[PDB]
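In mature numbering (1 follows the signal peptide of the UniProt record, and there is no 0), the protein residues as written are 168 to 355.
Here the structure comes first, spelled out in structure tokens, and everything after it is commentary.
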């Protein structure tokens, strides 16, 4: 199964792929939101199978799913309704005010603006800090999805308010803290 940002995967519910990445051992997988699965949780995506190797939620909302079978990495992110794909060439942080787009398996591809960083939000399960707020909408299922600016990966969908029918606000977990802390390499 091709690991592409924004695609759906299941684990006793549905979430979306953040970004294809490899761990310190060179094993293929992808970063996503930690609320999508506890450590040890099994994942299915197409004919692919994986497991949550790393996961932290609440506090943070980050996770890395390691492929155990049929994981083919790509440096792509699906643009669904807008067609085609965005390419990932790195993860240079975009400035506040920059445009940013989100890819999720429920609503698809929506874009907005990076409004503020270092945000703390309260979810039913607890508080999550260090998040980045954007004017993009999101709906259940989009969780873990890619937030990308141009060709630079920014983060993974954590949560928010509203919906994509009337609009809303969506926060994301920065990608670099995951790549750094867990010694991961983004597929480019």
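Where a beta carbon is used, it is the ideal one built from N, C-alpha and C, also for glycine.
Checklist entry - In three-state terms, what does DSSP make of residue 201? => result If DSSP states are grouped into helix, strand and coil, residue 201 belongs with the helices.
Item to check | Straight-line gap, residue 314 to residue 185 (C-alpha atoms, nearest Å) | outcome: Straight-line spacing of the CA atoms in residue 314 and residue 185 works out to 8 angstroms.
Checklist entry - When the distance is taken between beta carbons, is residue 196 closer than 8 angstroms to residue 217? => result It is a contact, given that the beta carbons lie within the stated cut-off.
Next on the checklist: When you compare the CB of residue 346 with every CB in chain D, is at least one pair closer than 8 angstroms?
Outcome noted: Structure shown: chain D not included; a single protein chain is present.
Checklist entry - Mind pulling the beta strand (DSSP E) runs of 3 or more residues that sit fully within the segment 271-332? => result Within the segment 271-332, the complete beta strand (DSSP E) segments at least 3 residues long are 275-290, 293-301, 313-316, 319-330, listed from N- to C-terminus.
Checklist entry - Looking at the structure shown, is residue 242 part of a helix, part of a strand, or coil, going by DSSP? => result DSSP, reduced to helix, strand and coil, places residue 242 within a strand of the structure shown.
Checklist entry - Leaving out five residues before and five after residue 213 in sequence, what residues of the same chain have Cβ atoms less than 7 angstroms from its Cβ? => result Answer for residue 213: 168, listed in chain order.
Checklist entry - If we ignore side chains and look at the alpha-carbon of each, how far apart do residue 190 and residue 332 end up? => result Roughly 37 angstroms between the two C-alpha positions.
Next on the checklist: What would DSSP say about residue 265, mapped onto helix, strand or coil?
Outcome noted: Correct three-state label for residue 265: coil.
Next on the checklist: Let me check understanding here. Comparing Cα to Cα, which of 229, 308, 295 lies closest to residue 330?
Outcome noted: Nearest C-alpha to residue 330: 308.
Next on the checklist: Please state the DSSP three-state secondary structure of residue 174.
Outcome noted: Residue 174 sits in coil when the DSSP states are folded into three classes, being neither helix nor strand.
Checklist entry - On the three-state DSSP scale, how would you describe residue 346? => result Note: residue 346 maps to helix in three-state DSSP.
Checklist entry - For residue 302 versus residue 324, is the C-beta distance shorter than 8 angstroms? => result For residue 302 and residue 324, no; Cβs fall outside 8 angstroms.
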